[PDB]
Amino acid sequence: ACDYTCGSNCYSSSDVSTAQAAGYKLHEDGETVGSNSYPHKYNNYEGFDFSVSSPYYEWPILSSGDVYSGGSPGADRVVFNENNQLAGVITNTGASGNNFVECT
Ligand SMILES: Nc1nc2c(ncn2[C@@H]2O[C@H](CO)[C@@H](O)[C@H]2OP(=O)(O)O)c(=O)[nH]1
Ligand SMILES: [Ca+2]
Ligand SMILES: [Ca+2]
């Protein structure tokens, strides 16, 4: 069973924790990777009901099981805050344009 289902992509809790640790470390260091400057500020335009506090940051979680290092991000993202608390696992898959839906 999947802990998070992002369209067709399957993630476990360990996949989420590994991607999140990698994202937070780059956030702490003031460093970014890729063309869309990951991790950046997630403004919550969709208005998701995240249990943890604002400011939020989006980072790519990959279907390959590899940590994001540049190039193509895919459609899947881990959302974390300033305290390294996970807000949610979101995806562009099944949402119009660059909008996001929550991973089930
Ligand atoms: N849909 C969405 N995009 C966001 C949000 N915060 C920042 N973005 C950025 O706003 C722009 C339009 O959606 C994109 O560059 C996108 O970055 P990403 O492509 O990296 O998600 C948000 O809360 N929702
Ligand atoms: Ca996995
Ligand atoms: Ca995008």
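Data block above holds the structure.
Reading guide: rules and limits
Residues numbered from 1 in each chain as written, not as in the entry; some residues may be left out. Chains lettered and ligands numbered in written order. Heavy atoms only, no water. Disulfide = S-S within 2.5 Å. Helix = DSSP H or I, 4+ residues; strand = E, 2+ residues; numbered from the N terminus. Buried < 20%, exposed > 50% of the residue type's maximum accessible area, 1.4 Å probe, protein only. Near = heavy atom within 4 Å. Polar contact = N/O pair within 3.5 Å; in protein donor to acceptor, adjacent residues only side chain to side chain. Areas by Shrake-Rupley, 256 points an atom, 1.4 Å probe, with all protein chains shown as cover. Nonpolar A, V, L, I, M, F, W, Y, C, P; charged D, E, K, R; others polar. Donors = N, O, S within 2.8 Å, 3.2 Å for Na, K, Ca; no water. Contact = heavy atoms within 4.5 Å. Pairing = 2+ DSSP bridges. Salt bridge = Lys/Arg side-chain N within 4 Å of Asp/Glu carboxyl O.

Asks: Can you break down the state of the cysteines residue by residue, with the values?
Replies: A full pass over the atoms with the stated rule returns two disulfides. Note on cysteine connectivity: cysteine 6 is disulfide-linked to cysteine 103, with sulfurs 2.4 Å apart. Across the disulfide from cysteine 6 to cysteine 103, rotation about the S-S bond amounts to roughly 105 degrees, and the bridge is consequently right-handed. Of the two residues, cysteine 6 sits in strand β1 (residues 4-6) while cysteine 103 sits in the segment after β7 (101-102), which places them 97 residues apart along the sequence. Accessibility assignment for this pair places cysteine 6 and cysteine 103 in one class, buried. Sequence-ordered numbering of the disulfide-bonded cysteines in the protein chain gives the connectivity 1-3, 2-4.

Asks: Would you mind going over the site of ligand 1 in detail, with residue names and values included?
Replies: In the vicinity of ligand 1 there are 13 residues, among which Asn36, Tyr38, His40, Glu58 and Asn98 approach most closely. Within the side chain of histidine 40, one N or O atom sits 3.3 Å away from an oxygen atom of ligand 1. Between ligand 1 and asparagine 43 there is a distance of 3.2 Å, counted from a nitrogen atom to a backbone nitrogen or oxygen. Summarising the interface, the protein chains cover 79% of the accessible area of ligand 1, which totals 480 Å² for the free molecule. If you tally residues by element for the shell around ligand 1, the top one is strand β3 (residues 40-42), at three residues. Residues that form the shell around ligand 1 fall into these classes: four nonpolar, six polar and three charged.

Asks: Can you break down the coordination of the calcium ion (ligand 2) residue by residue, with the values?
Replies: Every protein donor of the calcium ion (ligand 2) is accounted for by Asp15 (OD) and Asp15 (OD), and the metal-donor separations fall at 2.4 to 2.6 Å. Tracing the chain through its elements places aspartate 15 in helix α1 (residues 13-28).

Asks: Hey, could you go over the side chain of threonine 91 for me, with residue numbers and the actual values?
Replies: Of note, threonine 91 is situated in strand β6 (residues 86-91). Within the local environment of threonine 91, its side chain forms a polar contact with the side chain of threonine 93, the two groups lying 3.2 Å apart. When residues no more than four places from it in sequence are discounted, the contact partners of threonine 91 are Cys6, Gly7, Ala75, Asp76, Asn99, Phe100, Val101 and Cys103.

Asks: Give a description of the pairing of strand β5 (residues 76-81) that names residues and reports values.
Replies: Among the six residues of β5, six are classified as buried, and the element is accordingly described as predominantly covered. Of the two faces of β5, the one holding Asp76, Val78 and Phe80 and the one holding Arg77, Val79 and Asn81 are both buried throughout. By the bridge criterion, five bridges tie strand β4 (residues 56-60) to β5 in an arrangement that is antiparallel. Its bridge partner lying in β5, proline 60 is registered against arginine 77.

Asks: Any details on the pattern of salt bridges? Residues and values, ideally.
Replies: Going through the model one piece at a time under the given rule, you end up with two salt bridges. Residue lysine 25 is joined to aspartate 29 by a salt bridge in which the shortest nitrogen-to-oxygen separation is 2.9 Å. For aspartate 29, a relative accessible area of 38% translates into the label partly exposed. One salt bridge connects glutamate 58 with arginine 77, and the closest N-O pair in it is separated by 3.1 Å. Remark: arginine 77 occurs in strand β5 and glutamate 58 occurs in strand β4; sequence separation between them is 19 residues. Across this residue pair, the class does not change: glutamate 58 and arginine 77 are buried.

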